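Take a look and give me a structure for this.
(chains A, B and C, ligands or ions: 8)
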Amino acid sequence: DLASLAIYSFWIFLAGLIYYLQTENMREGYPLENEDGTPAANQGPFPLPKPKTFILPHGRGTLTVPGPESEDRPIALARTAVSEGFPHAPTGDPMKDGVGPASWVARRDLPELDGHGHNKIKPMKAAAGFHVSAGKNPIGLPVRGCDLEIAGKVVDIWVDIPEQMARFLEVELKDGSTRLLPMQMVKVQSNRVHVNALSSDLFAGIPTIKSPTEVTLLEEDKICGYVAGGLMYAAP
Amino acid sequence: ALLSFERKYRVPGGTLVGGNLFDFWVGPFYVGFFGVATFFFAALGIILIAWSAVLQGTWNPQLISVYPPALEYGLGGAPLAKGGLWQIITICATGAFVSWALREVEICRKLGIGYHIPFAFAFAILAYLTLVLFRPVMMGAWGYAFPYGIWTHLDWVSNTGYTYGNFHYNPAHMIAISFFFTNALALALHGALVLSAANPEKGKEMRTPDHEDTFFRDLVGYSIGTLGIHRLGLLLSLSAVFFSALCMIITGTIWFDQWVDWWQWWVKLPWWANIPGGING
Amino acid sequence: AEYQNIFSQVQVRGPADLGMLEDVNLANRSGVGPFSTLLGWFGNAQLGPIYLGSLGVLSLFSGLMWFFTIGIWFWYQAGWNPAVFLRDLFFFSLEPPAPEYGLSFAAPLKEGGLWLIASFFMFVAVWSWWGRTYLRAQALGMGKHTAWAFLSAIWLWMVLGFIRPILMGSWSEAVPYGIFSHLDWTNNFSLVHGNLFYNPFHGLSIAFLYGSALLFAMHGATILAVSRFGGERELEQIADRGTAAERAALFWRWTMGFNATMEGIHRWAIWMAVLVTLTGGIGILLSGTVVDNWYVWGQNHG
Ligand code: BCL
Ligand code: BCL
Ligand code: BCL
Ligand code: BCL
Ligand SMILES: CC[C@H]1c2cc3[nH]c4c(c3C)C(=O)[C@H](C(=O)OC)c4c3nc(cc4[nH]c(cc(n2)[C@@H]1C)c(C(C)=O)c4C)[C@@H](C)[C@@H]3CCC(=O)OC/C=C(\C)CCC[C@H](C)CCC[C@H](C)CCCC(C)C
Ligand SMILES: CC[C@H]1c2cc3[nH]c4c(c3C)C(=O)[C@H](C(=O)OC)c4c3nc(cc4[nH]c(cc(n2)[C@@H]1C)c(C(C)=O)c4C)[C@@H](C)[C@@H]3CCC(=O)OC/C=C(\C)CCC[C@H](C)CCC[C@H](C)CCCC(C)C
Ligand SMILES: COC(C)(C)C/C=C/C(C)=C/C=C/C(C)=C/C=C/C(C)=C\C=C\C=C(C)\C=C\C=C(/C)CC/C=C(\C)CCC=C(C)C
Ligand SMILES: [Fe+3]
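Numbering: from 1, shown residues only, chains lettered A, B, ... in the order given. Ligands and ions are numbered 1, 2, ... in the order given. Let me share the structure:
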């Protein structure tokens, strides 16, 4: 009968769909490797999918996945066991080197652009029309670290133009230079900004940006990675 | 056994218990102390369901079913052959769920991310405990809990619901269905949006989040935003389950009559409680 | 306490955004609406503009007519008594024509005619809106994903009040317009077909409904878990993978030994949701036409 036919046909379909879904999710990170960087023996039941290409806007070129997977950077880590499956220890300074929770990716060293081709993120002092419309304005507040010591003061807010969002807080340090702090990692209070992931002595170590009126995807990743990493390594 | 970009993340640290005794992986799985605990509870619990299969006299997955103690046992312990096995398994079930949650917290501390995931999971655990623990204790017997069986647990849903007429009238049930119905709509949209922008018409350049916001404004006059839609999704979900737990914590305790009758408070409001004509006059 | 990012700590506002242009007929866009500080704590504060145009106005008009038509009937029944109308708002109901009338448009108003009228409007209201979500994507040059997903919802809707009633032979098998009213219809439908829990498509639909809640709970929590590395900027993370996509994928791989990609998870998402009404529509279409009692059917598959 139809009912019995329809329900079997459905399971066949569902089997094909899960096959399509799983392979689509293999466009990044594959093939699997051994802890030494070499291709693993067992790659699993599903095969890599036929490559697809994205045409990036604003003349940024194209992208094709799956494709050549390379960290394009040195990983300061070493084995702690003679067998597979154990922790890899930081050979130097985890914060400085950028491994573990403080890891970053080698994203393009260009800024994200909006629909018209203009930098997506900009400090407010350079964003025409933008202002703080609700909540406590942080500009001018002193910044405290997880060690309860003051590390600086906020001098500006970096905002997302097309999505009208505060993404970064620009902070001035004791030596007169600035740094960026992820909006999502700070706690704005009545008379101060609290940064629990970093202690006063680690703010200078935050990676800096080259241009003073724009951040690149690569710089954002280094900045964010570094600050999140403080949650584990800054405990001391 | 590793994703191309995985090694840099596999560092020591983040564990809540045992220091580094269980700080290692098995294939793609992270272990941890709680990794071992959930294995303990799960095997034990599985074994017990197998011993329940023998006593019942069947190996058919569609027939096997572990029942809770009969009401005559109240909240006390009962013989394995009749409710004991169910009580023990529920402890193992509970032990495996919580352990899984805490294992997530550890994976969380190692990766340096937020705790949103284990937090969201805890709401499902709360729903489970409401049906096999909180409600039963408030009613006075393990007998009100649900059985563990593919079809026998559906019967329970059907018989429990009908014990109060049409369960559709449970007011917290109505709210809860709204969040479930809405969460799905929101998921279909979010998914379709992100995909129509990343996979535009053949030959065209990859659209931007601006096109995503423009598309929705043109359509319904408002866009919640890339960050807003993820906050919304988390919320609709946890809300659907929070009200589910609620519609049931109040059924059999503070209200035990027909749910449809509960609606008379509204119609009996003095002002119109007697005016003629209509449906209730 | 560390910031969780459910509500913004600070709102920032700039000039109203008139959105992208592409091939959109700018002559059809209204003007920016006001800015909502209330909404801005959770997401975008900008209301409007909106794009109307032919199809847009046809639906909105057709839609209100379906709405008013019903409301006329509610008042009739409430005897034009405002207090009554309110007391029994959830109880009123516009029922379809009786079995006798079959599938003709001859039944009298007070016997099913108004229903047929109200339906006709809702039928125009919905289909024109569908064309609207297709056209609005075309103008901007985006994929038609939203339109196709929405079709799946129309499917179940179409099956409940149009396709099944026809195949059955009378507008009688359709659903009534009323709050409590359509709840009873639903409960009934189940009883008359020997318990829907025995319908396999019903149980599948539920799996996907529960699955949709699990997934969005999973997906949303994750993006907020890695929003500290710019994770919500999903489109650019697809074109140029960052730590957000890596930690997001590794969290789940370490948890359940398998994972998704920034683009992939959205394919899981659109399908988990879409299948709810896809599987549902089928289960309902076969009820009463091919299978009379699902219990009996579950005994002998045929
Ligand atoms: C799937 C099987 C059944 C069915 C079973 C159920 C069940 C079971 C329940 C509902 C419920 C609802 N159903 Mg139904 N429903 C069916 C088909 C439909 C169709 C249709 C075109 O086929 C429609 C429009 C609806 C619509 C609705 C909503 C009125 C209500 C859910 C809220 C929600 O989240 O909506 C999703 C939509 C949005 C988020 C957008 C629009 C929001 C609307 C306008 C809000 C209306 C609020 C209402 C007027 C409250 C006033 C309160 C005052 C104090 C008086 N159903 C089919 C036939 N429906 C729930 C309920 O509470 O009912 C009373 C409920 O428990
Ligand atoms: C005929 C019977 C009644 C009825 C009786 C009931 C009853 C009785 C109950 C519900 C409940 C619910 N009903 Mg009802 N319901 C009816 C009709 C409807 C209709 C409709 C359109 O007609 C709808 C949409 C709903 C919708 C709903 C949901 C809102 C809600 C269940 C979701 C939930 O709580 O999840 C919560 C999630 C969980 C419980 C799962 C938790 C998962 C756990 C923690 C992990 C498990 C892991 C697993 C073992 C691991 C496997 C590992 C392997 C390696 C794979 N009902 C009819 C009228 N309904 C339930 C509720 O509110 O419950 C609180 C409930 O008890
Ligand atoms: C929420 C209110 C009721 C209830 C009402 C219903 C109703 C109504 C229906 C189901 C259905 C299902 N329910 Mg239930 N169910 C309840 C509580 C539970 C609990 C629990 C630990 O409390 C579990 C594990 C389940 C599990 C299940 C699935 C077997 C099946 C749904 C598939 C699905 O996609 O689910 C969502 C989850 C996913 C998509 C994730 C994948 C996980 C899979 C499904 C887990 C399978 C576990 C396996 C059966 C247990 C193995 C144990 C061994 C020891 C390893 N239910 C409560 C008591 N359930 C449906 C069905 O078709 O039943 C025959 C159905 O129609
Ligand atoms: C006592 C009654 C029976 C029962 C009878 C039925 C019946 C009968 C049906 C379902 C259906 C469903 N049931 Mg049930 N169900 C029962 C118990 C349960 C339980 C439980 C835990 O006990 C659960 C989880 C469910 C779950 C479900 C869903 C999976 C499914 C509906 C999907 C959906 O999203 O519809 C909601 C989505 C729609 C209706 C889509 C259409 C929407 C249209 C296009 C939009 C119109 C918009 C309007 C014009 C706009 C207004 C907007 C303005 C801005 C205001 N049922 C009991 C046992 N169930 C449905 C199904 O598909 O079954 C196979 C169905 O017909
Ligand atoms: C906001 C609540 C929503 C939600 C969220 C949610 N679920 C989650 C998470 C989150 C955030 C996870 O992180 C976790 C996960 O890792 O997912 C991949 C999970 C998860 N949600 C799951 C299931 C699930 N979630 C459901 C629902 C929901 N999950 C809600 C809609 C449902 C429904 C609707 O029924 C189910 C079945 C699991 C697949 C997974 C957690 C897996 C886990 O904890 O595994 C270790 C535990 C075992 C191996 C336990 C075995 C225990 C016993 C020995 C045997 C079984 C006893 C049980 C009582 C039998 C029941 C039989 C039935 C037939 C009645
Ligand atoms: C997988 C299937 C799921 C799904 C998907 C889905 N729904 C969708 C889409 C998708 C993919 C859309 O693209 C479409 C949409 O555009 O959403 C924003 C939509 C949509 N899903 C909707 C509803 C809906 N979806 C539901 C369900 C589901 N949708 C499933 C869970 C349900 C349930 C649970 O029953 C409902 C009620 C609509 C809101 C919307 C399509 C809008 C439409 O068809 O409109 C016709 C227009 C009218 C009826 C206009 C009049 C409305 C009222 C009578 C008046 C009040 C409001 C008005 C704005 C007031 C004006 C006042 C003046 C003074 C200004
Ligand atoms: C305050 O007073 C005013 C005047 C402002 C208005 C008040 C209005 C009110 C209070 C309205 C209340 C209405 C409500 C609560 C409506 C609820 C509807 C519900 C809950 C469910 C709807 C179910 C309907 C579905 C299943 C309908 C599907 C219909 C179709 C698939 C179309 C059917 C098509 C037909 C009959 C043929 C049309 C002709 C063609 C083109 C083939
Ligand atoms: Fe997303």
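
Sticking with residue A:168, tell me its helix or strand.
Assigned by DSSP states H and E, residue A:168 belongs to strand A:165-172.

Mind listing the strands that strand pairs with, and their directions?
strand A:150-160 (antiparallel), strand A:178-182 (antiparallel) (DSSP bridges).

List the buried residues of the first one.
For strand A:150-160, the buried set under the neighbour-count rule, 16 or more other CB atoms under 10 Å in any protein chain shown, comprises A:151-154, A:156-160. In short, each C-beta sits where N, CA and C put it, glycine included.

Burial check on the residue of chain C found nearest chain B, number of neighbours?
Closest approach between chain C and chain B, counting by CB to the nearest CB: residue C:43, at 2.4 Å. Close neighbours of residue C:43, defined as other CB atoms under 10 Å in any protein chain shown, add up to 22.

So the residue of the stretch 1-150 of chain B at minimum distance from ligand 2, which state does it fall into?
Taking CB to the nearest ligand atom, ligand 2 has its nearest neighbour within the stretch 1-150 of chain B at residue B:127, 3.6 Å off. Here residue B:127 takes the helix state, with states given by DSSP: H, G, I helix; E, B strand; the rest coil.

ok, back up a step: so can I have TSV of the buried residues of strand A:150-160 showing distance to residue A:222?
Shown next, in TSV, are the buried residues of strand A:150-160 (distance: CB to CB, whole Å):
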residue	distance to residue A:222
A:151	19
A:152	19
A:153	23
A:154	21
A:156	20
A:157	20
A:158	15
A:159	20
A:160	19
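
mind listing the helices for the chain?
In the absence of a named chain, this looks at chain A. Using DSSP state H, the helices of chain A run over A:2-24, A:94-97, A:217-233.

Oops, wrong one, chain C.
Using DSSP H, helices in chain C cover C:37-40, C:54-77, C:82-87, C:113-138, C:145-158, C:164-168, C:179-192, C:200-225, C:234-239, C:243-256, C:264-285, C:294-299.

so which of those comes closest to residue B:208?
For residue B:208, the closest of the helices of chain C is helix C:234-239, at 6.5 Å, according to CB to CB.

Residue B:174 - how many residues pack around it?
Neighbours of residue B:174 (other CB under 10 Å): 14.

Skip the chain neighbours and tell me the closest residue to the residue most central in space within chain B.
Centroid-nearest residue in chain B: residue B:124, 3.1 Å away (criterion: CA atoms, centre = their mean). Taking CB to CB, 6 or more residues apart in numbering or on different chains, and ignoring the residues beside it in sequence, residue B:124 has residue B:241 as its nearest neighbour in space, at 6.4 Å.

Please apply the same query to residue A:55.
residue B:205 (4.8 Å).

Can you tell me how far that neighbour is from residue A:64?
Here residue B:205 is placed at a distance of 15 Å from residue A:64 (CB to CB, to the nearest Å).

Show me which of those two is the more surrounded one.
Set side by side, residue B:205 and residue A:64 show more neighbours around residue B:205, with 15 against 11, by other CB under 10 Å.

I'd say that one and residue A:59 touch.
No: using CB atoms under 8 Å, residue B:205 makes no contact with residue A:59, being 9.2 Å away.

ok so, going back, now that we have the buried residues of strand A:150-160, can you turn them into TSV and tack on distance to ligand 6?
Below are the buried residues of strand A:150-160 laid out as TSV (distance: CB to the nearest ligand atom, whole Å):
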residue	distance to ligand 6
A:151	46
A:152	45
A:153	44
A:154	39
A:156	37
A:157	32
A:158	32
A:159	28
A:160	24
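
re earlier: tell me, how many neighbours does the residue of the stretch 1-150 of chain B closest to ligand 2 end up with?
Residues lying near residue B:127 (other CB under 10 Å) number 15.

can you check the one 4 residues further on too?
Neighbourhood size, residue B:131 [other CB under 10 Å]: 18.

cool, residue C:144 as well?
By the criterion of other CB under 10 Å, residue C:144 has 19 neighbours.

In contact with it, which residues?
Shown in contact with residue C:144 (CB atoms under 8 Å, 6 or more residues apart in numbering or on different chains): B:196, C:134, C:137-138.

and if you look at residue A:53?
A:62-64.

same thing with residue B:89?
Going by CB under 8 Å, 6+ apart, the list of residues near residue B:89 reads B:45, B:48-49, B:52, B:66, B:148.

and what of residue C:281?
Contacts of residue C:281 by CB under 8 Å, 6+ apart are C:152, C:155-156, C:158-159.

related to what we said a few turns ago, between the contacts of residue B:89, which is closest to ligand 1?
Nearest to ligand 1 among the contacts of residue B:89, with distances taken as CB to the nearest ligand atom, is residue B:148, at 26.1 Å.

ok, so what distance separates the closest one from ligand 4?
Going from residue B:148 to ligand 4 by CB to the nearest ligand atom, to the nearest Å gives 16 Å.

so the residue of chain C closest to chain B makes contact with residue B:228?
Yes: counting by CB under 8 Å, residue B:228 is a contact partner of residue C:43 at 2.4 Å.

how near is the residue lying closest to residue C:92 once chain neighbours are set aside to residue C:47?
Spatial nearest neighbour of residue C:92, chain neighbours left out: residue C:74 (4.3 Å); criterion: CB to CB, 6+ apart. Distance from residue C:74 to residue C:47, counting by CB to CB: 31 Å.

quick one: contacts for the residue most central in space within chain C?
With distances taken as CA atoms, centre = their mean, residue C:153 lies nearest the centre of chain C, 5.9 Å away. Listed by CB under 8 Å, 6+ apart, the contact set of residue C:153 reads B:185, B:188, C:277.

One more: residue C:183?
Residue C:183 touches B:166, B:168-169, counting by CB under 8 Å, 6+ apart.

Out of the residues you listed, grab the one that's most surrounded.
That'd be residue B:169 among the contacts of residue C:183, by other CB under 10 Å, with 19 neighbours.

Per the annotation, how does chain A divide into domains?
Per the record's domain assignment (curated CATH domains), chain A is made up of the domains A:2-106, A:107-236.

how about these, which one is nearest residue C:209?
Per CB to CB, nearest to residue C:209 of the domains of chain A: domain A:2-106, 15.7 Å.

any idea how far the closest one is from the chain center?
17 Å (CA atoms, centre = their mean, to the nearest Å).

and it, how far apart are its ends?
Domain A:2-106 has an end-to-end distance of 55 Å (criterion: CA to CA, to the nearest Å).

So is it next to ligand 4?
No: residues of domain A:2-106 are not located near ligand 4 by CB under 6 Å from any ligand atom, the shortest gap being 12.6 Å.

wait, what's in contact with the residue nearest the centre of chain A?
In chain A, the residue lying closest to the centroid (CA atoms, centre = their mean) is residue A:221, at 4.4 Å. Residue A:221 sits next to A:104-105, A:107, C:229, C:242-243 when contact means CB under 8 Å, 6+ apart.

Ok, residue C:242 next?
Residue C:242 sits in contact with A:105, A:107, A:217, A:220-221, C:229-230, where contact means CB under 8 Å, 6+ apart.

now with 6 Å?
A:105, A:107, A:221 (CB atoms under 6 Å, 6 or more residues apart in numbering or on different chains).

Now do it against ligand 3, distance only.
29 Å.

ok, now residue A:4?
Residue A:4 sits 17 Å away from ligand 3, going by CB to the nearest ligand atom.

okay, now the closest residue to that residue other than its chain neighbours: neighbour count?
Once flanking residues are discounted, residue A:4 sits nearest to residue C:301: 4.8 Å by CB to CB, 6+ apart. Residues lying near residue C:301 (other CB under 10 Å) number 11.
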